[PDB]
């Protein structure tokens, strides 16, 4: 851009600073503020009273509700105004009072959110987080700095995830929990600090996983949590199992990324 498409609507009370890019059939509602380094994709709606600023790219067909703050200065004590970034994909529902903060130089400079996510009232995405696709952050859920939340994962209401933790794909974290370590893919976690409670079987079933994939995932879970062996001992057994059941590879990929140890 730096231009507002002729088919975009900008409310007379909104303040869209010169340099902002606004795509076709987007809608900027009353009392919105949009900074000059913001890009808003085709079909995206900011309902009213939304602040979007920083070097922030937002994709298509998003709906962003009142009192949300996107691209804002993060809460890291070292941050000092560096031109860091936020990227948000397509078809996200970003509800009232959601906060998504910009990255830090030290943390890699980017906070990223994928597509088809539901971020419920007052959900918080800290500096340097990566949220994937089709995730749900329930009311008042909070991701601290540098947290990853992989595809399909759900974070229950009033749950806090501690800095640097990885929440694996298809994880379900129960409400009123505090997650202090990494959560392998496909697992249910609950408590404070959260501990594992088996495989997210209902989730996998609903998402079309085969009988064989669910059994294999359960077997990888048992290797980690029931076998009594060390993680070092089970890593090759899991890779071996993944030679037949491709879904089990998700564990191997996760172990490579994990830095905080596993919830146990």
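Positions refer to the first chain, counted from 1.
Comparing 236-244 with 18-26, the stretch with the higher mean C-alpha B-factor in the PDB entry is 236-244. For the pair 226-234 and 46-54, the mean Cα B-factor is higher in 226-234. Between the residues 143, 176, 73, 94, the entry's highest C-alpha temperature factor is the one at 176. Ranked by C-alpha B-factor against the other modelled residues of its chain, residue 127 falls in the middle third. In the deposited entry, the Cα temperature factor of residue 192 places it in the highest third of its chain's modelled residues. For residue 108, the recorded CA temperature factor ranks within the highest third of the chain's modelled residues. Among the modelled residues of its chain, residue 164 has a C-alpha B-factor that falls in the highest third according to the deposited record. In the deposited entry, the Cα temperature factor of residue 206 sits in the top third of values across the chain's modelled residues.
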